[PDB]
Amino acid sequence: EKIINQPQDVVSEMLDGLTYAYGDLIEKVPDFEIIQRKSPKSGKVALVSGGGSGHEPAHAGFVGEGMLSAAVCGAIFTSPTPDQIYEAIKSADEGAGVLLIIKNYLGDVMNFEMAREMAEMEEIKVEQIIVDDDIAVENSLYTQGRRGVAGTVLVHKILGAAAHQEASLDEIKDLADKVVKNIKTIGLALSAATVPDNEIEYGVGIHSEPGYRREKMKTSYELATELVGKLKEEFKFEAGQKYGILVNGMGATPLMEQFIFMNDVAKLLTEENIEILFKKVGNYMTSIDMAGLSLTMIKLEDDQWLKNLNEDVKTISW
C-alpha cells in the first residue's frame, strides 16, 4: 500500500525530504513542523496557513515569495497545535503583521484562532480569513458551515500577490473577505484515502468525510454534469460573467482523467456563454491516495484578482 517507514514519523521524514530537495524553504528549528520561505524578509504582510498532513502539496508546496510565508503541518488529517502555529506566526512576521489563512474545519479554526490570541498577547498584529468554499453539504460532522477545500490554494495566490505588492494587513483582510465569497468548490471520490466498490460519492471531504449522495459508477461526462450543475445553482450563471476554473485531483487520479474531465466541463459551460479567463489542472490539494477530483470556480469580479492569479511566484508547487 504505502512507501513509508514508521507511521508516526511520516510528517517529520517528509519535511526532511522536502527541505533536502528544495533548500528554498526551511524547517523551523528541528522542533517544529513548520515550513517557511527562505525569501528575505522585507516588511511585507506575512501569510500563514496549514492544516493536517495528507493534502500535499497543500500548504508546504505553496510556501514562497508571492504566496505563503510559512505552512504549519499537523499530523495526518489533523490540525496543527496552537503552539506550532503560534511559533510560525512570530517567526513569519516581517513587521507588517500576519494574516492567517484557515480552512473551515472545527479543529483548524479552533487551533489557528487560539494561536492568533497567543500571538496577539505578544503584540503581534494578526488578521484571519476562513475559507469555506465547499458547497457539498453544510455542517459536515462538526465543521460549522462549509468545509474549506481546494479553493484555498487560489486564496493563497491572490492574497499572496497582494502581500507581495506591499498591501497593508487591513487591505489584504478586506480582499480576502471579498475573494473567499466568490470561490466555490465541489468534488467527488471514487475511493477513500487510506491513513497510515464500483461506486462514487459526491461531496466527499478531503479528510474522507462523507458526502451527500452515493451513486453507482457514472461516466466522466455524467460526473461533470453533476458538479457544473451544482456550481451553476450556486453562482447563478449569466452570460458575460467572468470565472476562473481549477480542476484538482485527489491524489490517485491520473492527469489523463483530470483532463478528460476538464474537457467535459468545457462542453457543459459553452452553453452558459460565460468567459473563462483562468484555467488550471492538477494535484494541488490532495487527500493521500484518494481517487477523485474536485471542481473549483472563482467569480472574477475584479480585474485585480486575475492579475494576482497570474502574478509572479516562487514556490515548490506553483
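All residue numbers refer to positions in the sequence shown, first residue = 1.
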Unmodelled residues of the deposited sequence between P196 and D197: none, 1 to 3, 4 to 9, or 10 or more? 10 or more
What stretch has the higher average Cα B-factor here, 207-215 or 152-160? 207-215
Which wins on mean Cα temperature factor, 42-50 or 271-279? 271-279
Could you say which of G95, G229, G74, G107 has its CA atom at the highest B factor, as listed in the PDB entry? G74
Whose CA atom has the top B-factor in the entry, of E234, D133, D174, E201? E234
Among the modelled residues of its chain, the C-alpha B-factor of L15 falls in the third labelled highest
Taking only the Cα B-factors deposited for this chain, tell me whether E33 sits in the lowest, middle or highest third. highest
Mind checking which third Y221 falls in for C-alpha B-factor across the chain? highest
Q258 CA temperature factor, ranked by third within the chain: middle
By the record's CA B-factor, is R116 among the lowest, middle or highest third of residues in the chain? lowest
